[PDB]
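Right, one structure below, let's go through it.
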Ligand SMILES: [Cl-]
């Protein structure tokens, strides 16, 4: 009569005592495993027989697998606190997961600009355009910021979509020439001023003062900012969702089709739906959760931060990723190699 539950989630994406609290309440043995690379997660899910009862993919990946039999539909009768989830956010996630059949939204954020407040102002002045992609996508600005250090993500899907939106095009353009032409043109003009393309080095580099501007995931940047504060190192890190808009994305809990410990998994999911549980997570990880009942319980410093919980005018400028034809996938990979070579 041992009860067990196997979970696979991102690093830095739960509160330190969430699992311990759940174990004390339920008597379930939780085996909590972490990944730091989306490629690692998706490769395991596609191979199957992962041994996980719960996993945390992107809503975008879930869309790609809706007919592949990777996941199983969630039994809402075992999730009595489902009503706490924000219907407005559920509708957006339903673009990827019709009728919210497979996924329980967990946390969500944007891809924006993380930056060192003091260094940016030293280089570009007090009126530096921190509210705009101009800060890092105007070559004249990036040339000045080069010495204090510029990082881009190593993700052509996010970066091309960001550049296309900045150029006034469909962020999800289906036209190959938009990628190989104007988007690559701008990226090649910026390239000489970019120190590196990497998925995670920018977090600690922002916190320690080694880079001054980065394309980054909001909550990871806010984590860096908090780490700098705790270190009492004088580094002031902030984050901007720029005025031209930005990519929004949603991390979700889902259940592999071969999950064994289904009752325990639903217990954990409904535990996450308790307002104080997920509010406590957001307090620790600096990400907005999808639970509207939880918002008033989140610490004021987090819920009042419009780069974590953006208001309606900002949300209306955000775009989400669409699935492309594989021809466009290959275009993006080829063009990204060209960009990075310079
Ligand atoms: Cl997503």
Self-check item: Residue order, fewest to most surrounding Cβ atoms within 10 angstrom, among 6, 284
Solution: 284, 6
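Can you sort 140, 25, 264 so the residue with the fewest Cβ neighbours within 10 Å comes first? Walk me through the intermediate numbers first.
Working: 140 8, 25 12, 264 23.
So the ranking, lowest neighbour count to highest, is 140, 25, 264.
Take every Cα pair under 8 Å in the chain that's 6+ residues apart, average their separations, divide by the length, and report that relative contact order as a whole percent. Numbers along the way, then the final one.
Details: 590 pairs, mean separation 95.6, N = 342.
Here the relative contact order equals 28 percent.
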Self-check item: C-alpha long axis of helix 156-166 to longest principal axis of the chain, angle in °
Solution: 60
Quiz item: Hey, what angle do you get for helix 275-285 against the long axis of the chain, alpha-carbon based, 0 to 90 degrees rounded to 10?
Solution: 30
Practice problem: Return 147, 240, 341, 199 ranked ascending by Cβ neighbour count within 10 Å, so the fewest neighbours appear first. | Solution: 341, 147, 199, 240
Self-check item: Nearest-ten-degree value, helix 326-341 long axis tilted from longest Cα axis of the chain
Solution: 50
Quiz item: Each label point is 7 Å from the Cα along the Cα-to-Cβ direction; what then is the distance between the points at residue 170 and residue 315, in nm?
Solution: 2.5
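Values quoted throughout were computed directly from the atomic coordinates according to the rules given, and no laboratory measurement underlies them. Counting neighbours? That spans all protein chains shown, and the Cβs are built from the backbone with ideal geometry, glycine included.
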